[PDB]
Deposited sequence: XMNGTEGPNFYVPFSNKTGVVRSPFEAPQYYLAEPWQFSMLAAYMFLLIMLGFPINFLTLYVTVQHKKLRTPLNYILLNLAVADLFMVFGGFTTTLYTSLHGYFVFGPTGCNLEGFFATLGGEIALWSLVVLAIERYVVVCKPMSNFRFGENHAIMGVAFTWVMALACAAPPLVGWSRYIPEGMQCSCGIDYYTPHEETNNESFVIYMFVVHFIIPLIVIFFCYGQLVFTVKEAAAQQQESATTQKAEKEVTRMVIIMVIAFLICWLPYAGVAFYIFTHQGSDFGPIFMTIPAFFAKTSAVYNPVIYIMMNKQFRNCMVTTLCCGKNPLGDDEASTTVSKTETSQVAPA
């Protein structure tokens, strides 16, 4: 056996030497050097200390400024909340788990770590869908003469939570399950075993198709309609050069947010897909550790892209932080 399966775990280390132990019962220092567990710990700590303030700040500044009530403003406020859930709901546990070298909080801890990570990533993905659609509707006016205003913003936000929970929750109640990965200090969906009792196989498929592929198809479609229009379906829809310069700022930003998401998650995606199609194959704890922990930067990069690419949000922020002036 290249790995060591347990009732509820899969250590990617051979147990021919009898050293393997459950990620829920004892430290995993036999997996790698303890200084490496310290690095993860240190890493999560930074994510928590960076993520807590930038997201809260985003949330705070938005609520405080009434003029910030556009779909974008709404979507980023949403991510700010999702990130705070990742930070406090999951990172605190992954940090603590990394310090002890295992899930001292048992499966319940692993569920927290896996749930919120999955929730945060998915909220970010589906949020991208809502934004692409909003850019589609606002830059090409297809449908009719409807207003993707504040009302749809709310509906847009609720939507992201519905989809994301549709992906993150099932494994909490029987369909697939959260399980330790890599150095065993973070938890992800079970791509490691078939474990037919929780119908693992069908969930992984469901996840990659409905919670990865479909969303990308939708965004790709929207991207299609925007390239086309910025080319010929816009010169006839009379787009004042003054509006386009501010509607191009926003369109550029969504594209960047979409690229950042792919940069952040594709690595994890690939290793997961691989493991899933090579279960039992010979791979170490470092194989998934790097992509997994790297993906956790998803709790931080969005507010940052936001602050750096949306002048209005930036100025409001400086205003909030300087009390009065460098408003809404």
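Taking the first deposited residue as 1, the stretches without any C-alpha atom are 1, 328 to 330, 333 to 349.
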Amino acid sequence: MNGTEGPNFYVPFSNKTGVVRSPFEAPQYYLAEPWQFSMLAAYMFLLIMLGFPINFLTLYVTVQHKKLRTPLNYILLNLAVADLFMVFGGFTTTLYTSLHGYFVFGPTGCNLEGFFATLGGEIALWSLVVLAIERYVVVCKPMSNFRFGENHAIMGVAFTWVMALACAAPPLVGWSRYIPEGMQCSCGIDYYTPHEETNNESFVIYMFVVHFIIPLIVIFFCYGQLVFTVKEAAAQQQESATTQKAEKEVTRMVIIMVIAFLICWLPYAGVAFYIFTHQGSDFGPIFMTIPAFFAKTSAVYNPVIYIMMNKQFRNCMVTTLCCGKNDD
From here on, numbers count along this sequence of modelled residues.
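Rigid core: the largest C-alpha set superposing within 1.5 Å between the two forms.
Rigid core fits of the other structures in 4 other deposited structures of this protein place the C-alpha atoms of one stretch farther away on average; of 163 to 171 and 245 to 253, that stretch is 245 to 253.
Put simply, when the other structures in 4 other deposited structures of this protein are lined up on the rigid core, the C-alpha atoms of 230 to 238 lie farther off than those of the other stretch, from 174 to 182 and 230 to 238. Checked against the record, the higher mean CA B factor of 92 to 100 and 149 to 157 lies with 149 to 157. Two stretches are in play, 232 to 240 and 113 to 121, and the higher mean C-alpha B-factor belongs to 232 to 240.
In the PDB entry, the Cα temperature factor peaks, among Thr277, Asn302, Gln64, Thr297, at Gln64.
Comparing the C-alpha B-factors of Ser144, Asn78, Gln184, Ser176 in the entry, the top value falls on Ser144. Ranked by Cα temperature factor within the chain, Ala26 sits in the highest third according to the deposited record. Per-chain ranking of the deposited C-alpha B factor places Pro194 in the highest third. Annotation for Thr251: CA B-factor lies in the highest third of the chain's modelled residues.
The deposited CA B-factor of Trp35 belongs to the highest third of values across its chain. Ranked within its chain, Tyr136 lands in the highest third, by CA B factor from the PDB record.
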